[PDB]
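The block underneath contains the structure these notes are about, expressed in structure tokens.
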Amino acid sequence: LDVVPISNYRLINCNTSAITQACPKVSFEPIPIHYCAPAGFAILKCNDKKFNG
Amino acid sequence: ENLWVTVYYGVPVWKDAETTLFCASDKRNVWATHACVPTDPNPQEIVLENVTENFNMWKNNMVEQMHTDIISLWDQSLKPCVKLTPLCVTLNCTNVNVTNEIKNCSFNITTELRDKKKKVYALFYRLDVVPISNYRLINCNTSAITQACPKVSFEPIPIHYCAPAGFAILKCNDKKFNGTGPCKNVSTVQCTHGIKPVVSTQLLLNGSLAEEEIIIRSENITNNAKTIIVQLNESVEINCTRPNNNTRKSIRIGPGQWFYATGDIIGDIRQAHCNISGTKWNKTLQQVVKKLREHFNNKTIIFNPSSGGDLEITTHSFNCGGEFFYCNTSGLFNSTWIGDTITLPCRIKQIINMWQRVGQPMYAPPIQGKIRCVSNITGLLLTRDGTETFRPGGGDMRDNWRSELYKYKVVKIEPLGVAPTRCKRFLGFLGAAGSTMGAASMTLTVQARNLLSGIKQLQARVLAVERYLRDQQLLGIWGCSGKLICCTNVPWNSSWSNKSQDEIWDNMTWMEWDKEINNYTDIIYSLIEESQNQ
Amino acid sequence: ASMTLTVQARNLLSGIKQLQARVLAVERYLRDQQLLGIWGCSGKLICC
Ligand SMILES: *[C@@H]1O[C@H](CO)[C@@H](O[C@@H]2O[C@H](CO)[C@@H](O[C@@H]3O[C@H](CO[C@H]4O[C@H](CO)[C@@H](O)[C@H](O)[C@@H]4O)[C@@H](O)[C@H](O[C@H]4O[C@H](CO)[C@@H](O)[C@H](O[C@H]5O[C@H](CO)[C@@H](O)[C@H](O)[C@@H]5O)[C@@H]4O)[C@@H]3O)[C@H](O)[C@H]2NC(C)=O)[C@H](O)[C@H]1NC(C)=O
Ligand SMILES: *[C@@H]1O[C@H](CO)[C@@H](O[C@@H]2O[C@H](CO)[C@@H](O)[C@H](O)[C@H]2NC(C)=O)[C@H](O)[C@H]1NC(C)=O
Ligand SMILES: *[C@@H]1O[C@H](CO)[C@@H](O[C@@H]2O[C@H](CO)[C@@H](O)[C@H](O)[C@H]2NC(C)=O)[C@H](O)[C@H]1NC(C)=O
Ligand SMILES: *[C@@H]1O[C@H](CO)[C@@H](O[C@@H]2O[C@H](CO)[C@@H](O)[C@H](O)[C@H]2NC(C)=O)[C@H](O)[C@H]1NC(C)=O
Ligand SMILES: *[C@@H]1O[C@H](CO)[C@@H](O[C@@H]2O[C@H](CO)[C@@H](O)[C@H](O)[C@H]2NC(C)=O)[C@H](O)[C@H]1NC(C)=O
Ligand SMILES: *[C@@H]1O[C@H](CO)[C@@H](O[C@@H]2O[C@H](CO)[C@@H](O)[C@H](O)[C@H]2NC(C)=O)[C@H](O)[C@H]1NC(C)=O
Ligand SMILES: *[C@@H]1O[C@H](CO)[C@@H](O[C@@H]2O[C@H](CO)[C@@H](O)[C@H](O)[C@H]2NC(C)=O)[C@H](O)[C@H]1NC(C)=O
Ligand SMILES: *[C@@H]1O[C@H](CO)[C@@H](O[C@@H]2O[C@H](CO)[C@@H](O)[C@H](O)[C@H]2NC(C)=O)[C@H](O)[C@H]1NC(C)=O
Ligand SMILES: *[C@@H]1O[C@H](CO)[C@@H](O[C@@H]2O[C@H](CO)[C@@H](O)[C@H](O)[C@H]2NC(C)=O)[C@H](O)[C@H]1NC(C)=O
Ligand SMILES: *[C@@H]1O[C@H](CO)[C@@H](O[C@@H]2O[C@H](CO)[C@@H](O)[C@H](O)[C@H]2NC(C)=O)[C@H](O)[C@H]1NC(C)=O
Ligand SMILES: *[C@@H]1O[C@H](CO)[C@@H](O[C@@H]2O[C@H](CO)[C@@H](O)[C@H](O)[C@H]2NC(C)=O)[C@H](O)[C@H]1NC(C)=O
Ligand SMILES: *[C@@H]1O[C@H](CO)[C@@H](O[C@@H]2O[C@H](CO)[C@@H](O)[C@H](O)[C@H]2NC(C)=O)[C@H](O)[C@H]1NC(C)=O
Ligand SMILES: *[C@@H]1O[C@H](CO)[C@@H](O[C@@H]2O[C@H](CO)[C@@H](O)[C@H](O)[C@H]2NC(C)=O)[C@H](O)[C@H]1NC(C)=O
Ligand SMILES: *[C@@H]1O[C@H](CO)[C@@H](O[C@@H]2O[C@H](CO)[C@@H](O)[C@H](O)[C@H]2NC(C)=O)[C@H](O)[C@H]1NC(C)=O
Ligand SMILES: *[C@@H]1O[C@H](CO)[C@@H](O)[C@H](O)[C@H]1NC(C)=O
Ligand SMILES: *[C@@H]1O[C@H](CO)[C@@H](O)[C@H](O)[C@H]1NC(C)=O
Ligand SMILES: *[C@@H]1O[C@H](CO)[C@@H](O)[C@H](O)[C@H]1NC(C)=O
Ligand SMILES: *[C@@H]1O[C@H](CO)[C@@H](O)[C@H](O)[C@H]1NC(C)=O
Ligand SMILES: *[C@@H]1O[C@H](CO)[C@@H](O)[C@H](O)[C@H]1NC(C)=O
Ligand SMILES: *[C@@H]1O[C@H](CO)[C@@H](O)[C@H](O)[C@H]1NC(C)=O
């Protein structure tokens with residue numbers, strides 16, 4: 001899936017852009033992110049169990 | 001008698017100052033990077049009655065501010081696109097199929113694969129190519145050439161410069177104002193009119209016109225080292241065209257990197273040119289000369305073509321439709337003055353070096369199809385040679401911007417002041433500047449509210465807050481931390497001022513008062529503080 | 001020492017690292033002034 005035919009083949013994105021490899025030491029495992037309110041603001045949370053959108 | 005110092009905050013006085021202005025405006029235009037806010041659809045202007053202000057357009061720092069911002073918008077716009085470093089190869093240039101100034105050059109380039117090369121052809125203008133397998137691009141031994149990002153338009157968009165909190169822009173409304181000296185009709189504006197960043201050399205295009213007569217202005221009209229800006233009260237149309245039907249060709253240089261080359265020319269090979277009516281130009285010169293003899297004695301005046309040097313100086317350059325033209329104006333500046341259509345040939349360049357910066361060339365991709373644009377000559381830039389001799393010229397862009405910013409001055413508001421009173425412990429912003437002290441003191445909230453109203457903007461905003469707080473801290477120390485009018489216990493010294501209460505409150509303005517006691521404010525401020533501690 | 005309070009109060013106001021330092025100095029000043037306003041004497045250096 002990463003290789004396309006054109007001494008037969010080319011990497012799939014060489015006619016579109018530069019490919020950056022991921023840093024080998026960098027994990028992609030998600031870490032929970034908390035968003036917090038700035039001064040002058042508040043975040044309100046809805047606690048209704050059956051609340052939809 | 002029994003007069004006491006009273007402190008007033010929000011007093012409509014000011015002093016000259018420099019600051020950082022913000023823009024305001026109203027795809028991907030090179031002048032619309034959106035670093036600045038949208039304009040107010042109904043900007044205000046307040047005429048200040050009885051205000052005389054000394055202006056000097058040659059010392060104006062709004063000019064330096066504009067010049068720096070223009071360079072940055074340009075440079076930011078050229079960052080996200082293709083470098084032409086890969087084209088610095090030997091070119092094989094001939095004239096086999098173009099004419100019976102444009103060369104047909106072949107060269108080798110890489111493709112998206114690093115192990116493969118192909119031979120390609122492109123047309124280049126002679127001015128962009130220099131001889132050394134015969135030729136080289138003109139800047140390959142100096143620097144890297146960046147092509148203009150192809151979707152970016154160079155068409156000017158008016159830019160408004162607006163004042164930050166604590167500052168005001170004053171405008172001079174005198175119809176005959178040349179650039180220096182007192183202006184007897186001064187108005188305060190939230191901001192400037194839109195100024196179009198039009199780039200040109202010998203002739204100023206698409207600017208503002210004078211209203212009554214041609215205005216000839218210079219820093220020193222008797223020097224030779226200073227330029228003369230001539231503002232016309234009538235426009236002269238200049239019709240410019242690029243008659244060759246160029247084809248754009250797209251060459252792949254790298255992995256998503258395209259180069260735009262000129263492909264075959266369709267039809268005849270013709271010279272670019274500009275058309276100026278003969279009679280309008282002559283009327284313009286009769287008027288320019290008539291007003292020039294008002295500064296010079298009744299001498300013969302001659303106009304000559306510029307003396308020489310770089311093409312960017314000797315020709316009239318401009319950006320028309322996105323192409324860069326260099327027109328020969330020797331057909332205009334060639335006459336003697338004593339007591340049909342003009343056709344100017346032009347050259348086109350693709351590799352240019354704007355704002356006289358050596359080492360930062362840009363490649364303008366060709367524009368497909370024919371180009372035509374109509375511009376308004378609204379002024380001239382003239383220089384005196386060592387009978388008086390004048391030549392067109394000056395490639396320093398600040399002289400173009402001085403022709404639009406000459407009416408504006410930036411001042412800093414100085415809201416704190418004192419005056420003797422008998423107490424003992426809507427015009428708009430600065431509208432009361434021309435009012436007497438006893439009337440102006442009733443509109444203090446108007447100025448106090450205007451003290452609060454990227455990095456350069458954060459610095460300006462942080463500083464405005466710090467200035468506000470320092471004045472509030474001072475008032476808290478003296479007493480009356482919450483008041484705009486604060487009565488103190490310091491008796492008034494007739495030696496600071498021996499004017500009566502009616503002379504001070506009914507005749508004088510705050511601006512004049514500020515001068516009368518200018519040498520005593522450090523004494524008065526110390527007495528106010530010392531008396532609070534007792 | 002209580003007779004030279006203005007000297008220190010005036011020294012509370014006197015790139016990114018500098019903007020952060022300056023914004024913070026302003027915030028610290030304002031928090032102390034807000035506190036005094038709550039206690040009373042918002043404009044005084046000596047508050048009984
Ligand atoms: C002083 O002030 C003068 C007046 O403002 C200026 O003159 C004016 O200059 C502008 C810009 O050069 C001229 O505007 C251009 O006119 C071209 C021709 O338009 C005509 O034909 C159109 C056909 O559809 C028609 O719709 C128009 O109504 C008109 O009849 C335009 O093609 C050109 O368009 C550019 O901007 C478009 C923005 O959306 C963009 O879409 C266009 O893309 C086209 O071209 C590119 C080129 O690569 C192709 O890649 C695209 O695929 C597509 O083909 C293009 O980028 C623009 O509107 C204006 O006409 C002219 N006025 C006069 C009277 O001639 C002076 O120049 C100022 N002086 C100085 C020194 O600046
Ligand atoms: C691509 O790889 C193939 C792999 O088979 C090469 O084909 C033959 O590979 C065998 C392996 O022992 C060699 O002995 C043959 O001599 C190769 N064929 C030829 C004609 O030499 C193939 O040549 C490789 N091609 C490239 C461009 O590397
Ligand atoms: C770069 O090369 C790729 C691979 O050939 C092109 O992707 C193909 O584009 C065609 C267009 O019709 C599609 O039908 C194919 O299915 C695409 N192939 C793959 C693997 O997705 C791509 O379009 C080329 N890019 C450019 C800019 O030419
Ligand atoms: C002083 O300058 C002001 C500002 O330009 C002039 O006021 C303008 O006068 C015209 C005349 O009709 C009005 O249309 C504008 O709306 C006015 N502008 C403002 C902001 O009020 C004023 O006329 C000039 N006075 C003199 C004596 O020249
Ligand atoms: C540069 O271009 C010229 C173009 O004329 C080449 O000169 C001759 O071009 C004709 C065109 O049909 C060929 O048939 C000849 O054989 C070319 N001459 C030679 C000696 O081959 C010229 O050779 C080109 N040079 C390079 C380095 O590309
Ligand atoms: C890079 O090459 C250019 C082109 O040859 C040089 O520019 C020439 O410099 C000489 C110096 O006397 C001038 O007389 C020529 O008129 C210049 N040519 C053009 C087209 O302007 C340039 O000096 C070279 N730069 C370096 C660093 O060697
Ligand atoms: C623009 O107008 C101003 C104001 O009249 C001129 O300034 C005066 O110039 C004369 C020249 O001898 C001086 O004596 C006056 O003292 C100047 N007045 C002020 C207020 O400075 C100025 O020279 C004119 N500009 C040009 C290019 O003529
Ligand atoms: C070039 O000058 C002409 C006038 O000679 C300008 O045309 C008119 O300008 C007035 C200015 O108030 C407008 O009210 C008219 O509506 C304009 N005419 C038309 C047909 O719109 C022309 O706009 C000037 N061009 C530039 C670029 O400033
Ligand atoms: C405007 O320019 C004139 C002409 O250069 C200046 O007058 C000269 O001043 C120098 C000063 O050393 C004298 O040596 C010259 O003899 C003067 N020339 C004449 C013709 O008198 C004038 O001072 C300049 N004015 C300003 C304000 O810069
Ligand atoms: C400049 O040349 C182009 C290309 O010849 C002309 O645009 C059209 O191109 C298509 C391509 O197939 C032809 O089928 C059309 O017939 C061409 N136009 C016409 C009117 O024939 C373009 O029109 C030329 N520009 C000018 C001003 O003549
Ligand atoms: C520049 O172009 C403009 C418009 O394209 C010309 O203006 C026209 O001039 C003719 C002369 O007979 C008039 O009949 C038209 O009514 C004008 N058009 C407009 C819109 O006003 C102008 O004359 C050209 N200038 C030159 C030097 O050729
Ligand atoms: C602008 O055009 C004029 C002529 O239209 C050029 O002047 C000629 O320059 C050559 C150069 O050697 C002289 O031999 C001619 O005698 C000049 N003609 C006249 C009438 O004097 C002028 O050099 C061109 N300027 C630019 C900047 O290209
Ligand atoms: C300025 O205009 C004059 C005429 O108005 C030009 O004079 C011409 O000079 C050439 C030089 O060889 C003569 O052959 C012509 O016969 C002259 N014309 C006339 C009518 O006498 C002069 O050259 C122009 N200057 C420039 C720089 O172009
Ligand atoms: C500018 O000066 C004029 C003249 O002194 C002021 O006009 C006077 O305003 C007062 C206001 O009470 C009137 O009582 C006078 O009768 C007016 N004088 C005349 C001759 O009409 C004008 O108000 C001043 N402008 C400002 C903003 O105060
Ligand atoms: C690879 O090259 C060989 C050469 O004959 C050809 O037969 C084969 O079909 C090619 N494969 C691809 C994917 O191009
Ligand atoms: C391109 O490379 C080939 C390789 O032999 C060479 O013969 C040709 O002359 C080169 N073209 C140019 C214009 O240098
Ligand atoms: C190009 O190379 C040929 C080879 O003989 C030479 O004669 C000609 O003068 C050269 N032209 C340039 C501009 O160097
Ligand atoms: C421009 O100034 C000249 C000077 O005499 C005058 O005659 C002409 O009428 C003025 N034009 C306009 C539009 O006011
Ligand atoms: C311009 O005015 C001069 C004055 O001497 C005259 O000789 C010349 O022929 C005029 N040009 C036009 C186009 O009328
Ligand atoms: C005025 O200044 C003199 C300077 O010695 C001082 O003695 C006098 O007391 C002052 N008067 C007031 C009203 O401050």
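A quick note on method: Cβ atoms are made from the backbone with ideal geometry, for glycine too, and the neighbour counts reach across all protein chains shown. FYI, it's all coordinate maths here, none of it is from the lab.
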Can you report the principal axis dimensions of the protein assembly as shown using only the alpha carbons, biggest first, rounded to whole angstrom?
100, 90, 48
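Using only C-alpha positions, report the orientation-averaged shadow area of the convex hull of the range B:443-487, nm², one decimal. Before the final figure, lay out each step's value.
On the way: hull surface 13.9 nm².
With every direction weighted equally, the projected area is 3.5 nm².
Below 14 angstrom from the Cβ of B:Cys320, what's the summed charge of the other residues (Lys, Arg +1; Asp, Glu -1)?
Numbers: positive: B:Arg242, B:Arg347, B:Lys349, B:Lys370, B:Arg372; negative: B:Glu155, B:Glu237, B:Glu323.
Local charge sum for B:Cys320: +2.
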Check the straight Cα-Cα distances from B:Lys151 and name the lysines below 23 Å, setting aside those fewer than 8 residues away within the same chain.
B:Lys27, B:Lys79, B:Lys83, B:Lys196, B:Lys249, B:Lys349, B:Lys370
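Report the Stokes-Einstein translational diffusion coefficient (µm² s⁻¹, integer) for the range B:391-475, Rh taken as the Kirkwood radius over Cα pairs, at 25 °C with viscosity 0.890 mPa s. Don't skip to the end; give the middle numbers.
On the way: Rh = 16.9 Å.
Estimated diffusion coefficient is 145 µm²/s.
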Per-residue ellipticity at 222 nm attributable to helices in chain B (runs of n ≥ 4 DSSP H, -39500 (n - 2.57) apiece, nearest 500 deg cm²/dmol) works out to -5500 deg cm²/dmol
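With the cut-off at 21 Å, report for the range B:274-395 the share of all Cα pairs above it, as a whole percent.
Numbers: 3451 of 7381 pairs.
So the portion of pairs separated by more than 21 Å is 47 percent.
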Charge dipole of the protein assembly as shown built from unit charges on the beta carbon (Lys, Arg +1; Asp, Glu -1), centred at mean Cα; most positive-end Cα among B:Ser143, B:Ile253, B:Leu21 is B:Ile253
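Between B:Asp174 and B:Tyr520, what FRET efficiency comes out of the Förster formula 1/(1 + (r/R0)^6) with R0 = 30 Å and r the beta carbon distance, rounded to 0.05?
Using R0 = 30 Å, I get an efficiency of 0.30.
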Principal axis lengths of the range B:167-299 from Cα atoms, whole Å, largest first?
61, 45, 28
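Working from the pairwise distances between different alpha carbons, so that the mean of 1/r is found and then inverted, what is the range B:332-477's Kirkwood radius in Å? Don't jump to the answer; show the numbers that get you there.
Numbers: mean 1/r = 0.0433 Å⁻¹.
Mean inverse Cα-Cα distance, inverted, gives 23.1 Å.
Do any of B:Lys15/B:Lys171; B:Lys176/B:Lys291; B:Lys15/B:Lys59; B:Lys15/B:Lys175; B:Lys59/B:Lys226 go past 20 Å between their Cα atoms, and which?
Where the Cα-Cα span goes over 20 Å, the pairs concerned are B:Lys15/B:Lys175.
Which value does Rg/Rh take for the range B:202-246 over its C-alpha atoms, Rh per Kirkwood?
Working: Rg = 15.2 Å, Rh = 13.1 Å.
Ratio value, two decimals: 1.16.
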Taking every eigenvalue of the Cα gyration tensor of the range B:399-534, multiplying by 5 and rooting it, what semi-axes result, largest first, whole Å?
30, 21, 14
Projected onto the charge dipole of chain B (+1 at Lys/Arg Cβ, -1 at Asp/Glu Cβ, origin at the Cα centre), which of B:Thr110, B:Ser403, B:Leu285 gives the Cα projection farthest towards the positive end?
B:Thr110
Given the C-alpha centroids of the range B:68-112 and the range B:326-391, what is the distance between them in whole angstrom?
23
The Cα radius of gyration of the range B:207-283, divided by 2.2 N^0.38 Å with N its residue count, comes to 1.90
When you have a sec, figure out the Kirkwood radius of the range B:1-145 from all distinct Cα pair distances and drop it here in Å to one decimal?
22.2
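Quote the Stokes-Einstein diffusion coefficient, in whole µm² s⁻¹, for the range B:344-410, based on the Kirkwood radius over alpha carbon pairs, a temperature of 25 °C and a viscosity of 0.890 mPa s. Present the calculation step by step, with values, prior to reporting the outcome.
Numbers: Rh = 15.9 Å.
Estimated via Stokes-Einstein, D reaches 154 µm²/s.
Which three semi-axes in whole Å describe the equivalent ellipsoid of the range B:371-439, each the square root of 5 times a Cα gyration tensor eigenvalue, listed largest first?
50, 18, 11
By the scheme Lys and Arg +1, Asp and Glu -1, what is the net charge of all other residues having a beta-carbon under 14 Å from that of B:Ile517?
Numbers: positive: B:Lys499, B:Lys515; negative: B:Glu414, B:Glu503, B:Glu512, B:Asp514, B:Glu516, B:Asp522.
Here the charged neighbours net out to -4.
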Environment charge at B:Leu91 (Cβ cut-off 11 Å; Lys +1, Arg +1, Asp -1, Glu -1):
+1
Give me the log10 of I(q) over I(0) for the range B:210-364 at q = 0.19 Å⁻¹, as the Debye formula computes it from C-alpha points; what are the numbers?
-1.35
For the range B:1-64, what does the alpha-carbon gyration tensor say about shape, rounded, prolate or oblate, given a ≥ b ≥ c as the root eigenvalues, a/c under 1.5 as rounded, and a/b over b/c as prolate?
prolate
Starting from a Cα-only point model with no solvent, please compute log10 I(q)/I(0) by Debye for the range B:102-216 at q = 0.11, 0.13, 0.16 1/Å.
-0.70, -0.80, -0.98
Global size of the range B:73-114 as Cα Rg and Dmax, reported in angstrom
15.3, 43
A student asked for the Cα radius of gyration and Dmax of the range B:489-534 in angstrom ought to give 11.8, 35
Rounded to the nearest 20 debye, dipole of the protein assembly as shown from Cβ charges on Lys, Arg, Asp, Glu:
2300
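For the range B:29-100, state the average projected area of the convex hull of the C-alpha atoms over all orientations, rounded to one decimal in nm². Numbers along the way, then the final one.
Numbers: hull surface 48.5 nm².
Approximately 12.1 nm², given one-decimal rounding.
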